[PDB]
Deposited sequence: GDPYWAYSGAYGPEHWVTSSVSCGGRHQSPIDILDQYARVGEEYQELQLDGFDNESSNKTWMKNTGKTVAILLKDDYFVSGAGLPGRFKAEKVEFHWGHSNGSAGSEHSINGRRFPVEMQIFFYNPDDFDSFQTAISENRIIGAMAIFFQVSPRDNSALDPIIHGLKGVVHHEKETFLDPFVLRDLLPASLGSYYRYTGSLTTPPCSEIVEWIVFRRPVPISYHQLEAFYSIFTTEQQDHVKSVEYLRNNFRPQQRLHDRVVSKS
């Protein structure tokens, strides 16, 4: 079903086509740190494969709603209260309008960031593929990483920024220079929030265990310009402010490491 980030098919109308979008446990949310429960003693995030350079087969697409990276290497996460081990499938990005304006889906104490990168994972022990996993409404995992402006270019982002320059037009695809996935995550992985939520685009399935990192990854204002230059169609517009409005916590508790 067609959906958009504004207009008659905008987020307040998603529920018409995708019923889950009007559910009680939706994402993204604002995280009030005061109300985050230190909760269980949880195994620290265990990352496998994140230090390896990416395959030259890894590629990036302008979907018109985001820019997605389809991962071609094996990356695994466990710990942080997730049930078992999860395998990374893809990366997507949400950003603002100009000059570092708010673009994140999540926030912390009302504070937004100019970009939010989300990495999506499925449990390979249960299914052969990420698509299989979503079709069955089983638990999938997602990490949310904020970017924050810094005076210098973040060299770790170079291959991603270069990719953006190659996918300005809707539907365009490009291979990416090798990057190290670990280096697109915060320097410390020790500080994060956990909650149960949903996909932030239709079908808005309420099956996502979110890990939201508290500390951001740096990006320069110059690098941000590569996001602001992306186009989307349907009629052409800049692809900007591509974030879903925040959803109510309701009966949920957010945990923190």
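Participant: In sequence order, what intervals of the deposited sequence carry no C-alpha positions?
Facilitator: Deposited residues absent from the model fall in 1 to 2, 237 to 242.
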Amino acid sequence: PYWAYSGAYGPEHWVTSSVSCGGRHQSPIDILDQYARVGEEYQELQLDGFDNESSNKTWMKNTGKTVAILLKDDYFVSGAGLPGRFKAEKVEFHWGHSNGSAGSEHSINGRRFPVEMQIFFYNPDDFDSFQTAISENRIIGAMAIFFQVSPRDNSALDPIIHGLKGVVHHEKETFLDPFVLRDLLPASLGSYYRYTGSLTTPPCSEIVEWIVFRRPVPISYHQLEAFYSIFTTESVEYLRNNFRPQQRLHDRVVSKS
From here on, numbers count along this sequence of modelled residues.
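Participant: Where do the C-alpha atoms have the higher mean temperature factor in this entry, in 141 to 149 or in 155 to 163?
Facilitator: Comparing 141 to 149 with 155 to 163, the higher mean C-alpha B-factor belongs to 155 to 163.
Participant: Averaging CA B factors per stretch from the PDB record, which one is higher: 176 to 184 or 125 to 133?
Facilitator: The recorded data point to 125 to 133.
Participant: Of 209, 225, 30, 33, which one's C-alpha B factor is largest in the deposited record?
Facilitator: Comparing C-alpha B-factors across 209, 225, 30, 33, the maximum falls on 33.
Participant: From 42, 192, 59, 195, pick the one with the largest CA B-factor in the entry?
Facilitator: 42 has the highest C-alpha B-factor of those listed.
Participant: Is residue 247 in the lowest, middle or highest third of its chain when residues are ranked by C-alpha B-factor?
Facilitator: Middle third by C-alpha B-factor.
Participant: Is residue 90 in the lowest, middle or highest third of its chain when residues are ranked by C-alpha B-factor?
Facilitator: As the PDB entry reports it, the C-alpha B-factor of residue 90 lands in the lowest third of its chain.
Participant: Quick check on the deposited entry: does the C-alpha B-factor of residue 106 sit in the lowest, middle or highest third of its chain?
Facilitator: For residue 106, the deposited C-alpha B-factor lands in the lowest third.
Participant: Give the position of residue 230 by CA B-factor within its chain, expressed as the lowest, middle or highest third.
Facilitator: Middle third by C-alpha B-factor.
Participant: For residue 83, does the deposited CA B-factor place it in the lowest, middle or highest third of the chain?
Facilitator: CA B-factor rank for residue 83: highest third.
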